[PDB]
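A lone chain, given as structure tokens: the form deposited in one PDB entry.
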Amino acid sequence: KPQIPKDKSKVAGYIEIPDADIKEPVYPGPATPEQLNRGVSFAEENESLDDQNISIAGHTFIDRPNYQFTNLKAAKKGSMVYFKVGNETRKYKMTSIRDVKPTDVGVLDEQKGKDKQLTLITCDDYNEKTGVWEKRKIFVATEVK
């Protein structure tokens, strides 16, 4: 059974989006500037691998076209996404809900028996006063089969 290290400095898994040339170690959340400085990280601190929707955040840095989630937009509908943890490789396919601002959809873990999914979030301009990344783009991938 998967587990997210309590130690924020330890890699929890790997997220990969081949069509975007993304292969990144994933660290425990929440996705604060420090965590994203270590690497891509789960968006929330209480994130759990058994949830219907797992959220992972990454930086968007123009100075580096291929840094973390900067090139994520390169991945279109159908693109394979791999989420690897100690005991398993989960496979998902990018849906049409990609590269969209949260002000266009807005959804959380609100899912009864809906298929498992991953929400990849590009982040920029963190606001310390509110604990939120002002600039965000959402990408939703649903598990295969």
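Sequential numbering from 1, following the sequence displayed.
Only in words, not in the display: the form solved in complex with a partner chain, which the text now covers.
Highlighted residues 44, 55 and 136: every one comes within 4.5 Å of its partner chain in the deposited complex, counting any heavy atom.
Residue contact check for residue 79: none of its heavy atoms lie within 4.5 Å of its partner chain in the deposited complex. Its partner chain in the deposited complex is not approached by residue 70, whose heavy atoms all lie more than 4.5 angstroms from it.
Contact between residue 102 and its partner chain in the deposited complex is found at the 4.5 Å heavy atom cutoff.
In the deposited complex, its partner chain lies within 4.5 Å of some heavy atom of residue 31. Shown without its partner, this chain lists 111, 89, 37, 95 as candidates; in the deposited complex, only 111 has a non-hydrogen atom within 4.5 angstroms of its partner chain.
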